[PDB]
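First up is the structure itself, then whatever we jot down about it.
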Amino acid sequence: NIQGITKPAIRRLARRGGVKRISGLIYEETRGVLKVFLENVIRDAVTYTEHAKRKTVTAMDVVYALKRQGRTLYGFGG
Amino acid sequence: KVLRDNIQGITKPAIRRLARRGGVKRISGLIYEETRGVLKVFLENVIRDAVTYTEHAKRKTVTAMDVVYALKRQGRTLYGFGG
Amino acid sequence: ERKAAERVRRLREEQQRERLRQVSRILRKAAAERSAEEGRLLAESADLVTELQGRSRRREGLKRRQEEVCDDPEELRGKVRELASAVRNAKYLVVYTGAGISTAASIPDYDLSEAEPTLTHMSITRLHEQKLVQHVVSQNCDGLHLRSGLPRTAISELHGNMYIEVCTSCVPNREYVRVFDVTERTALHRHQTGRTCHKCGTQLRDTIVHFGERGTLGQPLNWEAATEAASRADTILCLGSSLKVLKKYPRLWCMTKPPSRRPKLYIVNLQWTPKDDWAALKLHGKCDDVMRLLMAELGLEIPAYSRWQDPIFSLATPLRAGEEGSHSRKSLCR
Amino acid sequence: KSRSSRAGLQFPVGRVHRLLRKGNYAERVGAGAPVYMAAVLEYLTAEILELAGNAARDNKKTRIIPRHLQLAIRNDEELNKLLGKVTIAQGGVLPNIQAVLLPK
Amino acid sequence: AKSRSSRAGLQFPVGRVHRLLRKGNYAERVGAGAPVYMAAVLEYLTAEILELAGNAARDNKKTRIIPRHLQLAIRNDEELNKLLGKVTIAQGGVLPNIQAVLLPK
Amino acid sequence: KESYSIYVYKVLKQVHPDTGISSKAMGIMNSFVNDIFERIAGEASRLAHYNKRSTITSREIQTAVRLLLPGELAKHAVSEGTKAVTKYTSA
Amino acid sequence: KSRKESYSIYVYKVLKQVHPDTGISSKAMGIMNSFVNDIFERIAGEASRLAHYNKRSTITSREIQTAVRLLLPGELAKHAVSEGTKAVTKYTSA
Amino acid sequence: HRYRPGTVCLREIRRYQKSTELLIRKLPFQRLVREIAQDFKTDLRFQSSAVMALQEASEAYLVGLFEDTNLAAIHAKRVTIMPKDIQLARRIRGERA
Amino acid sequence: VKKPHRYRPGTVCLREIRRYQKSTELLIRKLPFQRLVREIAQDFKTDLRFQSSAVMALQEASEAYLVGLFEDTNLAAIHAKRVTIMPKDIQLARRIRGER
DNA sequence: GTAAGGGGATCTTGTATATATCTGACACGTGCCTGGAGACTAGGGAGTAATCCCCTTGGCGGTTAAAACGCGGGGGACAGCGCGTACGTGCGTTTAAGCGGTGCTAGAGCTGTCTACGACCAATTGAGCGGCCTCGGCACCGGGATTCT
DNA sequence: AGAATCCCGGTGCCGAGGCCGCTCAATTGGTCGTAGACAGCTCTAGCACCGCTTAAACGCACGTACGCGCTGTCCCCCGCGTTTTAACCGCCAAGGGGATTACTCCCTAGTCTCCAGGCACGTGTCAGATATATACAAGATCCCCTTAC
Ligand SMILES: *CCCN[C@]1(NC)O[C@@H]2[C@H](O)[C@@H](COP(=O)(O)OP(=O)(O)OC[C@H]3O[C@@H](n4cnc5c(N)ncnc54)[C@H](O)[C@@H]3O)O[C@@H]2S1
Ligand SMILES: [Zn+2]
């Protein structure tokens, strides 16, 4: 399901990052780093959800998990 | 007596020793001034925080605990000096 | 990998330390000082045995070359006849010199103005004035060769002299013979006599060459005639020099020549030199006795040195008035 | 009559006192601490709103949106240092193109 | 048995940890099993560090642990290095490491 | 639920009278206020604990503001806090 | 002067348990004390935050377990959880 | 005609630096999130706010990483970015030992 | 020319790397560092006093910081197919790290 | 016949290793006192059951824009070569850090008390929160005006 | 000349700002117990100076290996067109599970009494520091032997 992150999407993110030309071996590396990031954040969020004895992952669990890693996010109930 | 222009006391061989411990084999000729500027900025920040901590307690002597607290406030925790 | 399953490093370290300490403390014991029970199976560790045996072999091989090696008088007198025959049959012979020649003058090897020329220098001069010896190369800085009477046109001290001052401002360059030495305040890159010249208007400089310095003068260290003579000569007679420094000059040995075409070298020195294997016939013993026996074999007489025979006094350039007191050594007088 | 009107601030003081009292910070709470709290918070919010309203005026709009808050925070150096680890939803990026990539 | 650490089979104090939890402004009430859990976890961590430190001390033919051995043990293990990632240990030094491109060819 | 929408709107009409705001901006402002409150309160609690005290005065808040806010922001916030405290005490 | 508290008595007992014939110096003791204090502060703060999030006034062993899982990386977390559960079971049964 | 290669690249840079919307499709990101999360606990549920927040955080992280990567590539006197630039940026940032 | 023994440029650099990576001591003289610390401090409060442990802690922290920065700088220098470290390497390291 | 390139022996230098001498710090013992353990009481936090109405998951039919594929060409990455100079190696010279005393005094630390300040609890009234609305601010669609290529 | 982007005119539509009503949380008032402000004393560690011995900092010369500019190639990204696909929108169902309320046992705080574990102080002896003499491991150069010419 990581292949659903198409190549034009990575090109758009690179454009917003200021990048002019992109090599052809960049997309796989981007997929790897995104997978690692998502794994860590979702692991922490699921831990927080399990402690509260729930079955639904709320937005506050994501916010707390992000805050644990020093990636504070505003606009979702912080 | 007032202190003036003591940054020159951090000599070029000392910077070379630090670089060798860092794993550096060849060094340009303009590195020393950059190193001095970076060190000055770091020390400025840490000493300002430590002085604030020691002044809150109505004291006249800066203690090692204040230095440790100021360092930990910047995410640079240090072990072996108390705490 | 599990943390507990990752405890294989403990067995690895145990086996490594066990084997290393066991082999070290077992092979460190001398076989001659070992008992039967502890020493019967010394050869079980074949690789260890050969490794330490080779290490010790090279150790006393390196050690054994650092002591004096001498020949009994019978072999010495047998060799001196062939050496005399070779020198008589020689066409173009050059003579290399080193620290061992002046050792008989109580000069240290690897105050100095009280020294005098020895018998070897007089023998060299007498050989030179008989066409037998043409060019002499030396590495000594004492200057006893100058006091012997050997003409400077046929000598070239490649490391300078302690009795000469030079001035480079003049287009042909100028030299001056000084009775006293100039070596008091000489260091690397600091070549300044600090003394008034004759008429140049500039202070002179010394002539000594230190390690790392490149010779540039031509008056005391002539680098053309020495190379020419070494190229043209068909025989070499080194005396009293270990040749651990002179071996670094390729043109002096004519190393570009094919090995068969190289001149034959007859080393006479106590220790071992790196040119030993290619020696036509090496002699072991004091060079003074060998030269005396050579002269006796050829029938040549024995020149005698006298303190009134020094040519340095005649050739000494007079110093400017008031400049004598700067030096702090013992001058030479007739 | 309110403790906020006794100081001129527009932010609540009783709410801040309750939050400091039941927030597990210390055994006792002073009397003037909520006034100091409200003063500093009011200063910060007023300054941020001033800068955001300026940036909204430069875009010919009468309302503030997260883009203008992002612009105000990122342009000013002090507020950029304060909110350095903060990600603002629907903020965007500051327009910036490197010169070496620009055509000659 | 009287001491609460002896009933739990630990070498770390339970009463002291309970008092520290109570007088620290962490919560209004503190349960009875929290000090035991905390003492067990702290004991596990300290023993795990000390074993590697002792091994590194024995590797150098020394029978006393000094800060260099603690630094070697911490930096040579992946998870202990991840835990103490932003910590400076006085008189510890660094791990020897030379980049391959700088070695003579 | 409780929020600072009422007070932030008052400050907004104080600074820019002819300007409105949407809902997402108000939520971001609320999160900002909560974050700053937590930062200052925690720093003041640590300051009290280090000195073996049991109460949180205005001195704790002032030193926390000095240690947290950067540059001239700290100066202006300190001045406003002192002025407001003096006005509250006198009145 | 006043009596000062440290963890040297326990650290030394654990060391003699693991390596029965090894010593330790004073600087290493200070480093170990700082390590224990740091870990205590981290876990206690995380547990207090977890209690505040769920609107509870009590810190129990569930909070300590969740904080341990959040703060410790891997098999370290697994082994620490097992050890703590063993200790609490032995204490409660006895 | 045919624009010389480089003009459309800057046009798109300006367009996407003067915008605020999201740059990844929503259904595929939700699918990836659920498939990742199924390896921690089966039969999980989500709210739309959780997936929205995850998407925002991920996009911000990737944009910042690309900024650092472009800086690293320029330092090496190039115009195009390569995997080694990403690796250097991630190692300096501390995300990798 | 009287040629003595001489190591090629690069041998002593690697020898020093090993020597200073096998040690734990401090690499800055204490008196100049203390003078610099006091000189910096005199711009926040007048007639201040310092404990010896305070200056020791400051020195330890500063040396650790500089060593880490030099490691990052060396990585940046290698990335650009060079061996020497230059100021732009330090600037790039600090910019990516998050400082400045 | 000549010369360029590969490899073994050698010299040197710096680091590691074995042995003895000694000294200060780690480890063990003693006194004692303060903090932890034992026993009992009361009261509020938390667990358990029950109900509801919100919200998350699932399926379906269009449509339409975004993704995937092919192709050609040009600009950028990369190797290779020449050149100049900046940086490393080593030696002789000059300076200031480090050490061991000698002394003084500010200022940290501890003890007693005594009063002002913060916590607690009952009344009570108003400020902030949930629902509904209404009308304009901004997005959308289309024609033309300026603007880099 | 010419496509891409901003500028102006007219329309629509739902979200922000007001208005109503109400109910809990902030305000009043008094009381009580204790934290900390202040005075005082003491003793210890931080500051200041002095003399000296020596190792590290400093200045300089030489040469060589590295950084930088220039050129050529080739290949691999970018811009454009055409076909394929799946995301997004709007609609409709259904049950899980989050959220609130009521009630009851029991777990924890608080208090008093007593004893033993851990902390401050003291003493000794042994592990690591230091000096000294060897052993060896790697680097740098030379010269002989092999191969294309
Ligand atoms: C270019 C640098 C110049 N350095 C220097 N001038 C400052 O040049 C000379 C020269 O380089 C070197 C002298 O070398 P040497 O003359 O060969 O003396 P060496 O140490 O090697 O000993 C010679 C060997 O002869 C043996 N030997 C001693 N006594 C002997 C007697 N009486 N007879 C025969 N052989 C004798 C010795 O054992 C020794 O091995 O230093 C300056 S420095
Ligand atoms: Zn002249």
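In what follows, chains carry the letters A, B, and so on, assigned in the order in which the sequence lines appear, proteins first and then strands, with residues in each chain numbered from 1. What's counted below: heavy atoms across the whole structure, side chains too, no hydrogens, waters or symmetry copies.
Contact annotation: G:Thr58 side-chain N/O to J:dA46 OP1/OP2 distance is under 4.0 Å. Side-chain N/O atoms of B:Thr61 include one lying less than 4.0 angstrom from OP1 or OP2 on J:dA108. Note on I:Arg35: a side-chain N or O is less than 4.0 Å away from OP1 or OP2 of J:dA97. Between F:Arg53 and K:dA37, a side-chain N or O to OP1/OP2 separation shorter than 4.0 Å is present. The side chain of C:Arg65 places an N or O atom within less than 4.0 Å of a non-bridging phosphate oxygen (OP1 or OP2) of J:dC11. Note on I:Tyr7: every side-chain N or O is 4.0 Å or more away from OP1 and OP2 of J:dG88. In this structure, I:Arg6 does not reach the K:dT141 phosphate: none of its side-chain N or O atoms is under 4.0 Å from OP1 or OP2. For C:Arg58 and K:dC136, the shortest distance from a side-chain N or O to OP1 or OP2 is not below 4.0 Å. Distances shown here put every side-chain N or O of B:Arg16 at or beyond 4.0 Å from the OP1 or OP2 atom of K:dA57. Contact annotation: G:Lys27 does not reach the phosphate of J:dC26 (side-chain N/O to OP1 or OP2, under 4.0 Å). The phosphate of K:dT134 (OP1 or OP2) has no side-chain N or O of C:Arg28 nearer than 4.0 angstrom. Side-chain N/O atoms of C:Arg55 include one lying less than 4.0 angstrom from OP1 or OP2 on K:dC136. At K:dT141, one or more side-chain N or O atoms of I:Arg8 fall inside 4.0 Å of OP1 or OP2 (strictly under the cut-off). Side-chain N/O atoms of E:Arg19 include none lying less than 4.0 angstrom from OP1 or OP2 on J:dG35.
Base pairing of K:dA16: its partner is J:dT134, meeting the Watson-Crick or G-U wobble criterion (both donor-acceptor distances under 3.5 Å). Base pairing annotation: K:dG97 forms no Watson-Crick or G-U wobble pair, as no partner gives both donor-acceptor distances under 3.5 Å. Pair check for J:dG1 finds none; no Watson-Crick or G-U wobble contact set falls under 3.5 Å. Across every strand in view, K:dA25 sits unpaired, with no contact that passes the Watson-Crick or G-U test at under 3.5 angstrom. Partner assigned to K:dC58 is J:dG92, using Watson-Crick or G-U wobble distances below 3.5 angstrom. With a 3.5 Å ceiling on both atom-pair distances, J:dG144 lacks any Watson-Crick or G-U wobble partner.
For the pair E:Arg64 CZ and K:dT125 P, the interatomic distance rounds to 16 Å; values are reported in whole Å. The CD-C1' distance, from G:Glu5 to K:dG117, rounds to 12 Å in whole Å. Spacing between atom CZ of C:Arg214 and atom P of K:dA61 amounts to 16 Å, rounded to whole angstrom units. The separation between F:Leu12 atom CG and K:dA16 atom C1' is 12 Å, rounded to whole Å. In this structure, the NZ atom of E:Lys105 is 16 Å from the P atom of K:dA140, given to the nearest Å.
Residue-level contact check: E:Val30 touches the backbone only, with heavy atoms under 4.0 Å from sugar-phosphate atoms and none from bases. Within 4.0 Å of G:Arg62, counting heavy atoms only, lies no atom of the nucleic acid at all. Backbone-only engagement by H:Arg34 is indicated by non-hydrogen atom pairs under 4.0 Å involving sugar-phosphate atoms exclusively. Within the 4.0 angstrom heavy-atom criterion, only backbone atoms of the sugar-phosphate kind lie near C:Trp278; the bases stay farther away. Here C:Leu62 lies out of heavy-atom contact (under 4.0 Å) with every strand. Among the protein residues, A:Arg12 comes within range of the sugar-phosphate backbone only, with heavy atoms under 4.0 Å from sugar or phosphate atoms but none that close to a base.
Of all non-hydrogen atoms in H:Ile13 and A:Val19, the two that sit nearest each other are CD1-O, 3.6 Å. Of all the heavy atoms in I:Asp89 and I:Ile85, the pair that sits closest is OD2-CA, 3.6 Å. Minimum interatomic distance between H:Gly6 and A:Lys20 (heavy atoms only, all atoms of both residues): CA-CE, 4.2 Å.
The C1'-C2'-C3'-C4' torsion of J:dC140 is negative, which assigns its sugar to the south, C2'-endo side.
The gap from the P atom of K:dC144 to that of K:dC68 amounts to 44 Å, rounded to the nearest Å.
When the nucleotides K:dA4, J:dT56, K:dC119 are ranked by their closest atom to the side chain of H:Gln47, J:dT56 comes out on top. You'll find that the side chain of F:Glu2 is closest to J:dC129, out of J:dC129, K:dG118, J:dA67. Residue D:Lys1 has its side chain nearest to K:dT28 when only K:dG98, J:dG76, K:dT28 are considered. Set against J:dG107, J:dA119, J:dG88, the side chain of I:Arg49 has J:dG107 as its closest nucleotide. Relative to the side chain of I:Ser52, the nucleotides J:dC33, K:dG46, J:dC87 differ in distance, and K:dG46 lies closest. The side chain of H:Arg11 approaches K:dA4 more closely than any other nucleotide in the set K:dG67, K:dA129, K:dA4. Nearest to the side-chain atoms of D:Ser2 among the listed nucleotides K:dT27, J:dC11, K:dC78 stands K:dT27. Closest approach to the I:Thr84 side chain among J:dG36, K:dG17, K:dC66 is made by K:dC66 (side chain taken as heavy atoms from C-beta onward). Listed nucleotides: J:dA108, K:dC119, J:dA77. Nearest to the side chain of B:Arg59: J:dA108. Which of K:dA57, K:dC143, K:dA35 sits closest to the side chain of C:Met255 comes down to K:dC143.
For the pair E:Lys23 and D:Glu27, the salt-bridge criterion is not met [side-chain N within less than 4.0 Å of a carboxylate O]. Salt bridge annotation for I:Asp47-B:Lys60: absent, with no cationic side-chain nitrogen under 4.0 angstrom from a carboxylate oxygen. Comment: G:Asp21 does not engage G:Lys16 in a salt bridge, judged by the lack of any side-chain N to carboxylate O separation of less than 4.0 angstrom.
For the pair G:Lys16 and C:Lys244, nearest-nucleotide mapping onto DNA chain J gives the more 5' position to C:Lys244. Nearest-nucleotide assignment on DNA chain J puts the 5′-proximal partner with G:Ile24, out of G:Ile24 and H:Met82.
Interface remark: the E:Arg29 side chain does not form any donor-acceptor pair with the K:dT108 base, using a distance-only criterion of under 3.5 Å.
Screening G:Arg56, G:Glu63, G:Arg62 for a side chain to side chain donor-acceptor pair (under 3.5 Å) involving G:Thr60 leaves a single residue, G:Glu63.
Using bins of under 30°, 30° to 60° and over 60° for the plane-to-plane angle, the ring pair I:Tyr7/I:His5 lands in the perpendicular bin. Note: G:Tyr7 and E:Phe12 have parallel aromatic rings, judged against thresholds of 30 and 60 degrees for the angle between ring planes.
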